[PDB]
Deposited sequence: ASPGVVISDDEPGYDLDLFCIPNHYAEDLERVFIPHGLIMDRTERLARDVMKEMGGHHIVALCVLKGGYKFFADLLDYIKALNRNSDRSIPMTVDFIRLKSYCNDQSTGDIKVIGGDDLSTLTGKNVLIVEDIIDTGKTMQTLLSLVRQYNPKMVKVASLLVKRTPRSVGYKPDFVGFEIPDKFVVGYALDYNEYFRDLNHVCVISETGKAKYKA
């Protein structure tokens, strides 16, 4: 499954139809994915993750910063399953950053991943090359399995497909739900599209 497919001819939602951060009022164009829809999709993903990555000890890797929201909510939904049903597994967590100029900064020593079920949690897959690099590096420390859950996957001329996908989006730049534009819009609950005012206001 490619996840929830949002087509190119999606107009999104008018800002005035939802509760939007006041300081971003004139900065956003449309709401592209409402927060509540992300939650419903993530709930289902949590059940698929446990069904696939059970029942050995899971190491959950959060790719900071954009992955932090999806990570926290996904784990919360996984927590809901483990405390309300039989058949569960203990989970440890770790948080990493990926550097360019490929380079894993932060997180524990990668030997912790050895012989374990590693769940990598991403915000978005664009070209897919970043995850290919990370998976190759991770694969050298020999785990039981390694899976990738990405909130977003872009339809675009690019290389990879994650094991768990929330939404398949058009080739547009989106912010919100921890996804950023120059560090901004992480403090936004919905996934949205920036306006021209916003891009110039928070330009680097």
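A.B. asks: Going from the first residue of the deposited sequence to the last, where are the unmodelled runs?
C.D. replies: Coordinates drop out over 1, 103-110, 169-170.
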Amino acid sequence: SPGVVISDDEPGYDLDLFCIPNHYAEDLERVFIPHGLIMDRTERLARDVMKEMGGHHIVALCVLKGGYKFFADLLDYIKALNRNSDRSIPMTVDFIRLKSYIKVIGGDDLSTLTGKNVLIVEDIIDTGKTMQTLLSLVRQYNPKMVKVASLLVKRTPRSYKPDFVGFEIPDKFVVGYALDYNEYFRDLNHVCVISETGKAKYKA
From here on, numbers count along this sequence of modelled residues.
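So that the term is clear: the rigid core is the largest set of C-alpha atoms that superpose within 1.5 Å between two forms.
A.B. asks: So, in 7 other deposited structures of this protein, taking the root mean square over structures and residues of the Cα distances after a rigid core fit: is 68-76 or 110-118 the more displaced stretch?
C.D. replies: When 68-76 and 110-118 are compared in 7 other deposited structures of this protein, 110-118 lies farther out.
A.B. asks: Do you reckon 36-44 or 23-31 strays further from the shown form in 7 other deposited structures of this protein, measuring C-alpha RMS after a core fit?
C.D. replies: Higher average C-alpha offset in 7 other deposited structures of this protein goes to 23-31.
A.B. asks: With neighbours modelled on both sides, does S85 go without coordinates in a third or more of the other PDB entries compared?
C.D. replies: No: coordinates for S85 present in every compared entry.
A.B. asks: Please determine whether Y101 lacks coordinates in at least a third of the other PDB entries of this protein that model its flanking residues.
C.D. replies: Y101: unmodelled in a third or more of the comparison entries.
A.B. asks: Please compare 175-183 with 53-61 and say which has the higher mean C-alpha temperature factor in the record.
C.D. replies: Per the PDB record, 53-61.
A.B. asks: 21-29 versus 184-192: which one carries the higher mean Cα B factor per the record?
C.D. replies: Stretch with the higher mean C-alpha B-factor: 21-29.
A.B. asks: Out of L75, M91, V118, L98, which one has a C-alpha B factor higher than all the others in the entry?
C.D. replies: Within the set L75, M91, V118, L98, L98 shows the top C-alpha B-factor.
A.B. asks: Of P157, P170, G166, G67, which one's C-alpha B factor is largest in the deposited record?
C.D. replies: Answer, based on the entry's C-alpha B-factors: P157.
A.B. asks: What third of its chain, lowest, middle or highest, does the C-alpha temperature factor of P34 fall into?
C.D. replies: Lowest third of the chain for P34's C-alpha B-factor.
A.B. asks: Which third, lowest, middle or highest, does the C-alpha temperature factor of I102 belong to within its own chain?
C.D. replies: For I102, whose C-alpha B-factor we compare with every modelled residue in the chain, the answer is the highest third.
A.B. asks: How does the C-alpha B factor of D126 compare with the rest of the chain: lowest, middle or highest third?
C.D. replies: Its C-alpha B-factor, which the entry lists for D126, ranks in the middle third among residues of this chain.
A.B. asks: How does the C-alpha B factor of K144 compare with the rest of the chain: lowest, middle or highest third?
C.D. replies: Highest third of the chain for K144's C-alpha B-factor.
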